[PDB]
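Step one of this worksheet: look at the structure below.
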Amino acid sequence: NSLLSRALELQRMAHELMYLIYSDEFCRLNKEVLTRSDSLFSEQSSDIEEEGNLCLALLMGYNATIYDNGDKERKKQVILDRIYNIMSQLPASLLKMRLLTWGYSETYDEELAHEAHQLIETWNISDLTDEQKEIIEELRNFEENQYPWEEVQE
Ligand SMILES: [Ca+2]
Ligand SMILES: [Ca+2]
């Protein structure tokens, strides 16, 4: 039940929720992701890898849950600020790719997309992992859906 265990659990649950109408279970799962995000939000870590995993869990958690108490947008900016403070120190990894992609989705900071495409270029097109394929798809969807007013007219 460590900070890291909690963060990895939240990353997994937030992913589960996003890759899945208002049933008791649907509400329970959305509520649990909010509850877990709220519990972890006040935690601070000096270790950059632990801090990266905490931030990624929180950004994923608050984006996954339908619930918003009116303070979620403010809390996401606190998390983004924590990510910008460690991004340059993180080594190339799946974690760093996920933080760049989720951070870009919240900011549309072209420097984050640029760095995310450079990380992609380091992988093997002939043998991408299941997670690499998924995060590439997620990044492309954020890039294509920046502006709702640009949606194809039909
Ligand atoms: Ca701490
Ligand atoms: Ca948003």
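Using ideal geometry, Cβ is built from the backbone for each residue, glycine included, and neighbour counts are taken over all protein chains shown. Bear in mind that the values in this text are calculations on the coordinates, not laboratory data.
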Inset, instruction - Could you compute the FRET efficiency for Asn85 and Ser39, with r as their C-beta to C-beta distance and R0 at 25 Å, rounded to 0.05? - result: 0.70
Legend entry - Dipole of the range 1-117, positive direction: furthest Cα of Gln44, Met13, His117, with charges on the beta-carbon: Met13
Legend entry - Per-pair calculated FRET efficiency, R0 = 41 Å: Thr122 and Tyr67 via Cβ, rounded to 0.05: 0.65
Legend entry - Alpha carbon centroid spacing (whole Å) that separates the range 1-46 from the range 88-115: 21 Å
Inset, instruction - Find the centroid of the Cα atoms in the range 56-75 and in the range 125-152, then give the distance between the two in whole Å. - result: 21 Å
Inset, instruction - Taking the convex hull of the Cα atoms, report for the chain its projected area averaged over all directions, in nm². - result: 11.0 nm²
